[PDB]
Amino acid sequence: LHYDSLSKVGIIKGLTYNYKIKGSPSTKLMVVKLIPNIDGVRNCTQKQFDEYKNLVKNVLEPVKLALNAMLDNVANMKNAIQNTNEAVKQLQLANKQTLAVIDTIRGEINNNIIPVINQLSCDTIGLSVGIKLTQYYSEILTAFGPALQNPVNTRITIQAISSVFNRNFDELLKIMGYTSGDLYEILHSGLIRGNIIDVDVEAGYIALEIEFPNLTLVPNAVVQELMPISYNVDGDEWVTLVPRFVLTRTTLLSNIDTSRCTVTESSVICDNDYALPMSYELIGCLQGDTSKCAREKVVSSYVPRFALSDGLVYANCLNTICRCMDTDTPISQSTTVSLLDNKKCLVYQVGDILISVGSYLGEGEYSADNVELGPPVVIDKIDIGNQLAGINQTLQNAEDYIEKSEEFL
Amino acid sequence: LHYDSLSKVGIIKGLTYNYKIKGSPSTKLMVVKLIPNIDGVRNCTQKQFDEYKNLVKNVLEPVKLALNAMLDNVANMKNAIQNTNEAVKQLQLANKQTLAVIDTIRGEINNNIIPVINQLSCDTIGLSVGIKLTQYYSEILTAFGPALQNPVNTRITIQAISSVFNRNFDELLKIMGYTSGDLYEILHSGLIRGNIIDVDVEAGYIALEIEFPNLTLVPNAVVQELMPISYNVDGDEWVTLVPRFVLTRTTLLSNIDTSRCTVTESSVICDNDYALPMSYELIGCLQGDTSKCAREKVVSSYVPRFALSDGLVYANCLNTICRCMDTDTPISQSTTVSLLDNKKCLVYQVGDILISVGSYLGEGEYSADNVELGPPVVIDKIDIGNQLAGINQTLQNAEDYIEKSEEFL
Amino acid sequence: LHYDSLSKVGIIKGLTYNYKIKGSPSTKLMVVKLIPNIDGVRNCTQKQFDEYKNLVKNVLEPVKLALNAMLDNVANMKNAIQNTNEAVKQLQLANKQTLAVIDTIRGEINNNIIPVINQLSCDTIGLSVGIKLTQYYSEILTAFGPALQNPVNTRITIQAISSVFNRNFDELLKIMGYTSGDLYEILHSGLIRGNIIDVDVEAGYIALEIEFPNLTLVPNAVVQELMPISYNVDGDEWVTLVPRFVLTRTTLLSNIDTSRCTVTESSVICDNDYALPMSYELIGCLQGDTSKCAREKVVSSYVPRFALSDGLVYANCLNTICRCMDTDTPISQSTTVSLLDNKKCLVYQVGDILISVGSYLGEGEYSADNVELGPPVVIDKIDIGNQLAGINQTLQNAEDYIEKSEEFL
Ligand SMILES: *[C@@H]1O[C@H](CO)[C@@H](O)[C@H](O)[C@H]1NC(C)=O
Ligand SMILES: *[C@@H]1O[C@H](CO)[C@@H](O)[C@H](O)[C@H]1NC(C)=O
Ligand SMILES: *[C@@H]1O[C@H](CO)[C@@H](O)[C@H](O)[C@H]1NC(C)=O
Ligand SMILES: *[C@@H]1O[C@H](CO)[C@@H](O)[C@H](O)[C@H]1NC(C)=O
Ligand SMILES: *[C@@H]1O[C@H](CO)[C@@H](O)[C@H](O)[C@H]1NC(C)=O
Ligand SMILES: *[C@@H]1O[C@H](CO)[C@@H](O)[C@H](O)[C@H]1NC(C)=O
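The residue numbering used throughout counts from 1 along each chain in the order its sequence is written. It may not match the entry numbering, and residues with no coordinates are not shown. Each chain is given a letter, starting from A, and each ligand a number, starting from 1, according to the order in which they appear as written. Side-chain descriptors were evaluated using all non-hydrogen atoms of the structure, hydrogens and water having been removed beforehand. Residues with missing side-chain atoms are left out of burial classes, side-chain pairs and their counts.

- Method information in the entry identifies cryo-EM as the source of the structure, with 3.9 Å recorded as the resolution.

Have a look at this one:
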């Protein structure tokens, strides 16, 4: 393409891409298990495990039903002592009564305190499992979420892909025959898709099939955009007419009707092949004859006076008035296409249309408030001991007096 | 456009939109933190905190790997008393033995009951944190979910937007230069997109970049749809041929090839500018000459006999038979286009094609079953006391008898 | 279409679809409740219930704000006994002191152990509720997730659909008038869409409106793809020019400009009707005249030499060289179109372009590691008893000696 001349004719070079053919996909199947198997203690976990299983059922039942509906497609000393003996009997009884109190404590601890602590401790294990199961489900939701949400034609996540290739993106590239450029484009446009082929509700299983495309590259084939704008010819304005997309290989030109192709930032990805032969008369408009080109005179039509590409603004500021905003100055033009630079202002006016230049805004962040947590309530150790020591001191005094009396007697 | 005549020619006025140019986007970066910082007690939370951190790692590792792979693009009284003294010794021993029982209780409570309650209480704090962390992750999943699921070109959520603008949609509108009409269209077609530029797994951080478009409006520019159907000319039928989309500004007309534009309910949003000049011969078909218009005679082709817009059905019921279903009656036509109203029936037949009119269905709801929960198990207070009172009553009787004997002696 | 001849001309039969008109949608509204009502005990659940409610507020506030911003659109014996009586007093005191120790135990259990167990048990109920509420929210996230994430034009999930029709997909089909074929296509292309009309943050309610399309079928109408490739005419090559998509009904042909239609694996779903009449000259190219067809000579253009459909590769291997890779052999051609079979190799070369045939890869799986859990810590029953029995044995010996002395006295 002879741009040195084509620019004066009125056609501005636009974006440059590449050319790829979608081809036929490869397939890999994964079984995703929603319910983990927890062995060991069962009585402490059954309560939370059952509620978790119910969550899984509520999610999968609608998938199983949809797949079935869709199945076709899928002296008086004696008197004095009498008093003594009665006193001893009273202490013999007091001891027995003390034991009744001790027995009451044993009963209360053994029957009301210990059983509660043991039942509660088992319940604590259950809650721990309920938390783990909930977190596991969430991990699945971020990977196979889209597949669970709708059974057919979902975008597959990056986590699902790393599962498929066992945490190895080197293997993904070489197995599929992708370069780093192809992987970017494939993820960018969502070209990796999956479907659910079957489910089994009671086991929590889904059979998820993922299709990975096999794009092929057409060597030395570049898709080139052309953007025509009006230009001034001896006092009035004209428009040059060309196909907006032309395919250039080496020395050959053809047209592409890219109405049914996927367009990414660097490549046009088409099914089959959309290149069609180009007539001689029009080839001259790109090769350097720069005549004919069906230039049309414009009288009663709206015709563009600017074009945008890669952040730049191109405009005809010779035929009409264009100005820079917030500097309050016009832009002159001495060529038919003037380039307006983005380091003068961010808002330009061309005719009656304002063109806004994008800009960078400052950074922000998302987080939870940091919250300090206090310690658990701690029960102190039992402090009795000195009292027990005294009881022993009181007791041997009793012992000492008895031996004392036996000696005198 | 001279619709008063164009209708008789055979072209039905279709939907009316507006015209906007996508322009160049502005950028804002946010750091999203997946792991909160919890200070204070550490031993009670480390267990659940660690499992949570593991959840975050499983989600981000596939993102870090993908971004690296993609990096290039990113008397015998004495005998009688001897018996008395022996009895006293037996009670002295019984007291000592009682203390052994009390010591056993102290040992059991202090060593097996208290330590368990304290360890369990700390575990309760841990579970509380595990729940909070799980809920926090879920909040993130509903806002930055799409970004975590696939690193490139995701739709950004409304929650992510309110984070970017600090819970203020007044600022979003004025900063970007949007009207309420532009915000609706931008959200409707998913024009706000983001990408992940980098991640750091161990801190749980992702660097998420969001691009907000700067749409510009072309003043007094209306995109008008035209819908041609067949009509009867002296016994046979013809079709008028016009571009389906024409751009009308004021007194100027141009064509738009909207095959690569985004179409919303009220506006057509195109990159650059797709308006092209229109020839005089065809302008007359819209201005009021209503001749030429390349009317073509149809002999061996399938040609539409109806058109739909905004819920209405337009049809040619003069050349062919059309009927209302569930009333079992034909519709006559006396004009070439008959309008069928939707308050007569919901299903119309035009030729061999059934046209279904939509209708409103009754309301439903989604909720959990409401479940009543009972009280916790409550351990009663210790009820001993009257027994202790009796022990004291028994004891002073012992006291009273001793003083009694000392008096007699 | 006379394919028996058209193939020799240079046009390959491509994919065959069907023809449907999108029509006008029906509407059904559901109220989705994010906060369940839990009756019964309140003090044990308020803490976790409140944190849950806060989660709901953080999710819905951005929805309420967006909808408001968008509102416009929405002898010395006496001496000897004196010693005896003193000994008895010492045991009377020892008993009283023992009671003080017992009272200390009662105090400690009643004040520091029991209150903690009771407060802790109530806290256990709270944690159980916090887990249930978290799981409930997740169930919602998998069904109405997309709607919460962005208020306008979201794809509705399969779980949301089963909610709308009360777990009955038989009713969905008959109510809407869908066949199993229509349901598949509707889900495949995401044609069921919803919007949020209003929310109420404090109750956790969202008003979600779902639109279900009413597709109509055009009887005996088949959309047929045609794929032209170059062919050799007496030493040089030519390309035949036809519209890529033609509509065949019975004996009638028309063209379809499917640039604005949705294409599924079996049907083309268009708004209104895009069929346009076809001229006689070109009809002959399909009916069997197989002349004219604007065959163009190609001199300086890139022209396709192969076409792909349903996994098959068609190519011109007469004019240019094509070979099978990994067998290292050429493919000869004796017809202008050679069919390359996929059971010989998976990679073919046609000219300079490699064509990759897809293949099946082995199965994988996703699951959590299975982890065995141990038992809870269990506190043993209190083992005192034999000691108590001995205390009773010691005591009646005391009893026996006292009665013994009373007899001698
Ligand atoms: C679980 O309950 C069963 C009774 O069904 C019992 O036999 C078993 O010992 C219990 N196991 C545990 C750890 O409590
Ligand atoms: C008091 O005597 C009891 C006898 O059962 C013994 O267990 C305890 O350790 C002694 N305490 C002191 C301080 O001597
Ligand atoms: C946590 O454990 C450390 C021992 O690593 C100990 O020194 C510290 O006191 C403990 N803190 C709490 C609240 O238990
Ligand atoms: C019984 O005597 C003990 C002595 O230790 C005292 O603590 C307790 O309160 C008294 N109880 C009654 C009812 O008098
Ligand atoms: C809850 O707390 C209130 C005091 O606000 C009290 O009256 C009520 O009895 C308590 N209920 C339970 C089950 O603890
Ligand atoms: C010992 O005597 C006490 C009296 O309070 C009684 O409760 C306990 O059961 C007796 N134990 C044995 C083994 O006789």
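Now that the structure is up, let's keep going.
### Thoughts on the interface of chain A and chain C
Next up, step 1: Here, two residues are considered to be in contact whenever any of their heavy atoms come within 4.5 Å of each other. Opposite the 122 residues of chain A that make contact, chain C presents 110 residues.
Next up, step 2: In this text, helices come from DSSP runs of H or I with a minimum length of four residues, and strands from runs of E with a minimum of two, each type numbered from the N-terminal end. Those elements giving two or more residues to the side of chain A that touches chain C turn out to be β3 (26-33), α2 (46-69), α3 (77-141), α4 (145-149), β7 (216-217), β12 (253-256), β15 (275-277) and α9 (386-408) of chain A.
Next up, step 3: The greatest single-element share of the side of chain A that touches chain C, amounting to 40 residues, is contributed by α3(A).
Next up, step 4: For the side of chain A that touches chain C, the residue count by class is 70 nonpolar, 36 polar and 16 charged.
Next up, step 5: Whether two strands pair depends on DSSP finding at least two bridges between them. Judged from the three bridges that link them, β3(A) and strand β24 (residues 364-366) of chain C form a sheet pairing that is parallel. Bridged to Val31(A) within β24(C) is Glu365(C). Charged residues are taken to be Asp, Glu, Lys and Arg, nonpolar residues to be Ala, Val, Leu, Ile, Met, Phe, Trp, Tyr, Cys and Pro, and polar residues to be all remaining types, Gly included.

### Description of the relation of the copies chain C and chain B
Next up, step 1: Here the copies share a common frame obtained from a least-squares superposition of their C-alpha atoms. For these two chains of identical sequence, chain C goes onto chain B by a turn of 120° and a shift of 0.0 Å along the axis, with RMSD 0.0 Å. The transformation just described matches what one would write down for a three-fold rotation axis. Using C-alpha coordinates, one finds that chain C approaches the rotation axis most closely at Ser259(C), a distance of 3.4 Å.

### Section: the environment of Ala307(C)
All names here are of chain C.
Next up, step 1: Tracing the backbone through its elements, the reader meets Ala307 in strand β17 (residues 306-309).
Next up, step 2: Taking C-alpha positions, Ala307 is 47 Å from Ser138, a pair spaced 169 residues apart along the chain.
Next up, step 3: Excluding residues within four positions of it along the chain, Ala307 makes contact with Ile12, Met227, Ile229, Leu312, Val313 and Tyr314.

### Observations concerning the packing of α2(A) against α3(A)
Residues and elements named next belong to chain A.
Next up, step 1: To define axes, lines are fitted to C-alpha atoms, for helices over the stretch in contact only, and angles between the resulting N-to-C directions are given on a 0 to 180 degree scale. It is at 8 Å that the axes of α2 and α3 come closest, and there the two elements cross at 25°. By the angle between their directions, the pair α2 and α3 is classed as roughly parallel. Residues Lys47, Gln48, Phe49, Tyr52, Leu55 and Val59 of α2 form the contact with α3, whose participating residues are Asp123, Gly126, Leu127, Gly130, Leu133, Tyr136 and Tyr137.
Next up, step 2: A class-by-class count of the residues in the contact of α2 with α3 yields eight nonpolar, three polar and two charged. Our angle categories are set so that under 35 degrees counts as roughly parallel, over 145 as roughly antiparallel, 65 to 115 as roughly perpendicular, and the remainder as oblique.

### Examining the pairing of strand β18 (residues 312-315) of chain C
In the case of a regular strand, side chains alternate between the two sheet surfaces.
Residue and element names in this part refer to chain C.
Next up, step 1: Relative to β18, β17 is paired through four bridges, and the arrangement is antiparallel. Directly across from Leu308, in β18, lies its bridge partner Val313.
Next up, step 2: Linking β17 to β18, which pair antiparallel, is a turn of two residues; within it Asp310 sits at a positive phi near 50°.
Next up, step 3: Two strands pair when backbone bridges link them, and β18 and strand β21 (residues 338-340) are joined in this way by three bridges, in the antiparallel orientation. The residue of β21 that forms the bridge with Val313 is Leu340.

### Some thoughts on the sheet that holds strand β2 (residues 19-21) of chain B
Residues and elements named next belong to chain B.
Next up, step 1: Read from one edge of the open sheet, four strands run β7-β2-β14-β13, paired in mixed fashion. In this open sheet, the two edge strands, each paired with only one partner strand, are β7 (216-217) and β13 (262-263).
Next up, step 2: In this sheet, strand β14 (residues 268-270) lies alongside β2 in parallel orientation, the contact comprising three bridges. In the strand pairing of β14, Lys20 is matched with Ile269.

### Section: the packing of aromatic side chains
Next up, step 1: Only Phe, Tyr and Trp rings take part, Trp by its six-membered ring, and two of them pair if their centres are within 6.5 Å. Stacked means planes under 30 degrees apart, edge-to-face means over 60, and tilted covers everything else. Aromatic pair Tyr52(A) and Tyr137(A): ring centres 6.5 Å apart, planes at 70°, arrangement edge-to-face.
Next up, step 2: When the centroid spacing of 5.5 Å and the interplanar angle of 80° are considered together, the rings of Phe165(B) and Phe212(B) count as edge-to-face. Here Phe212(B) lies in strand β6 (residues 205-212) and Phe165(B) lies in the loop between α5 (158-164) and α6 (169-176), a separation of 47 residues in the sequence.
Next up, step 3: In our convention, an over-ring charge means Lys NZ or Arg CZ found within 6 Å of a ring centre and within 35 degrees of that ring's normal. Lying over the aromatic face of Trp238(A), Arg295(A) brings its terminal NZ or CZ to 6.0 Å of the ring centre.
Next up, step 4: Cation over ring: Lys28(C) sits above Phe165(C), and NZ or CZ is 5.7 Å from the ring centre.

### Side note on α2(A)
Next up, step 1: In this analysis, the expected span of each helix is defined as 1.5 Å times one less than the number of residues it contains. Over its 24 residues, α2(A) extends 34 Å from the first C-alpha to the last, a length consistent with the 34 Å expected when each residue adds 1.5 Å.
Next up, step 2: At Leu60(A), α2(A) shows its maximal bend, which comes to roughly 30°, and the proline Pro62(A) appears one to four places after that position. To get the bend at a residue, fit one axis to the 7 residues ending there and another to the 7 starting there, then take the angle between the axes.

### A look at the state of the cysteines
Residues and elements named next belong to chain B.
Next up, step 1: Paired through a disulfide, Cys317 and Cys322 show a sulfur-sulfur distance of 2.0 Å. One disulfide, between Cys317 and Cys322, carries an S-S torsion of 120° and so falls in the right-handed class.
Next up, step 2: Across the disulfide, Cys324 is cross-linked to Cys345 (sulfur-sulfur distance 2.0 Å).
Next up, step 3: In chain A, the bonded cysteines, taken in the order they occur along the sequence, pair up as 1-2, 3-4, 5-6, 7-8, 9-10. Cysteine sulfur atoms that come within 2.5 Å of each other are treated as a disulfide pair.

### Section: the pairing of β6(B)
Residue and element names in this part refer to chain B.
Next up, step 1: Bridging between strand β3 (residues 26-33) and β6 involves eight bridges; their strand directions are antiparallel. Bridged to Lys28 within β6 is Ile210.
Next up, step 2: The pairing of strand β5 (residues 193-200) with β6 spans seven bridges and is antiparallel. Bridge pairing in β6 links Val199 to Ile206.
Next up, step 3: Hairpin connection, β5 to β6: the antiparallel pair is bridged by four residues, and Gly204 has positive phi, about 70°.

### Some points on the sheet that holds strand β4 (residues 154-155) of chain C
Strands in a sheet are paired, the pairing made by backbone hydrogen bonds, and the direction either parallel or antiparallel.
Next up, step 1: Read across the sheet, five strands follow the order β24(B)-β3(C)-β6(C)-β5(C)-β4(C) without closing on themselves; strand pairing throughout is mixed. Lying at the two open borders of the sheet, with one neighbouring strand each, are β24 (364-366) of chain B together with β4 of chain C.

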